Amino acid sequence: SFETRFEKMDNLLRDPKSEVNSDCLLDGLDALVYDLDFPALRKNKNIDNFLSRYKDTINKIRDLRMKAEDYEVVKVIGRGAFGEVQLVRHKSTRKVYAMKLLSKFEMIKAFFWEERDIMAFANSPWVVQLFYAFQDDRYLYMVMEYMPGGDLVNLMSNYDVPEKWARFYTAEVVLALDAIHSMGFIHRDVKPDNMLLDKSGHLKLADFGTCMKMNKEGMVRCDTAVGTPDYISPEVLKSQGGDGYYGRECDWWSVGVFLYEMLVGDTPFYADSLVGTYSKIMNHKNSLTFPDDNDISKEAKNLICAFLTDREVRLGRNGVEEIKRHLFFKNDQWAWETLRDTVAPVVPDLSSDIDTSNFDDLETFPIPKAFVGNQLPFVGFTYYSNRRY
């Protein structure tokens, strides 16, 4: 019917997950105007007359919609290959956020889609939340909840982690990874840098740029290795054309590396050179050893070894319940179902909403001769006008 067509079209515009929602449509127009406003293209009357018609409107839209100048940047609290994470305060609302910038220029010389989705729609206390996502001609912005407690790298460097704390943080990582796995993704880059603590000391996973959606069998088909030298599993490291098919058990190997790091003070496959670490991972059967220091319990050594094995015999091949039932998690202080309501080993002592005590002190595209469309791969990234409430 006429009304059915009208209504199907209306739902396609409102839907927070639609490709033709208002956010995408405004992105589509903003991208057209960015890609066309160059003197060489303006020689074309179709382009020049179009830009002149939409001049006033594009300036209004740009002023009204979310932009970087809406945020007061307090401190740069993180860095990465394609940008930075900055502690911001939204000038108007006075609300405090962590804002991740991704260089459009650098990305050009697709990963952010799943990272945007996981953070925006997880609705999990274990996943860092995405409130807004916007963009300009130079960057992509992800306005997330600020994690004042810092990461696990910072914790590990300030404390000799006892087993009772290690048990807590491992248990939270396990629940956090199971939450991502249930959403249908493998993290593929589990490391203490990606484990953040909130104002109460409880964990949340961050950095979903390596996330990949599992198939019907719960596998991922990849030809290129992905992750970090120290925490990468043997099957992800050697992943190729012929082979390169793996599941959620690659994230469980990384939990074993993490537990070892916390209790031992070093990563299990540390070497003088990065290439030496690759060699030690591949030879985990002979290279995994424990120092002759009576501190690590029988149960902790067993968990580390149950995870730090070949995929086929790895703990977690039969799901989370076999991890959860491990003797290392046997304690009389918490239960799996209630864990995030318990009092954390380290409760952050914070002075303000912009306290950065857990955070250490920290070009673009040429002028196109012809239409290049550098803004086209980022159309629909905006999360503002059509958010899920």
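Between two forms, the rigid core is defined as the largest C-alpha subset superposing within 1.5 Å. Numbers for residues come from their place in the sequence shown, where the first is 1.
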*After fitting on the rigid core, which stretch moves more in 9 other deposited structures of this protein, 19 to 27 or 377 to 385, going by C-alpha RMS?*
377 to 385
*Comparing C-alpha positions in 9 other deposited structures of this protein against this form, with the rigid core used for the fit, which stretch differs more, 42 to 50 or 60 to 68?*
42 to 50
*What number of deposited residues lacks coordinates in the span between residue 335 and residue 336: none, 1 to 3, 4 to 9, or 10 or more?*
none
*Residues with no coordinates between residue 216 and residue 217 in the deposited sequence, how many: none, 1 to 3, 4 to 9, or 10 or more?*
none
*Select between 292 to 300 and 177 to 185 the stretch whose C-alpha atoms have the higher average B-factor in the entry.*
292 to 300
*Mind pulling up the entry and telling me whether 92 to 100 or 239 to 247 has the higher mean Cα temperature factor?*
239 to 247
*Out of 190, 206, 107, 259, residue topping the C-alpha B-factor column of the entry*: 107
*Just grab whichever of 161, 152, 220, 128 has the top CA B-factor as deposited.*
220
*Among all modelled residues of this chain, ranked by Cα B factor, put residue 283 in the bottom, middle or top third, i.e. lowest, middle or highest.*
middle
_Assigned third (lowest, middle, highest) for the C-alpha B factor of residue 318_ = highest
_Where does the C-alpha B-factor of residue 41 rank in its chain, lowest, middle or highest third?_
highest
*asked:* Going by the CA temperature factor in the PDB record, which third of the chain does residue 309 belong to: lowest, middle or highest?
replied: middle
_residue 47 - which third its CA temperature factor falls in, relative to the rest of the chain_ = highest
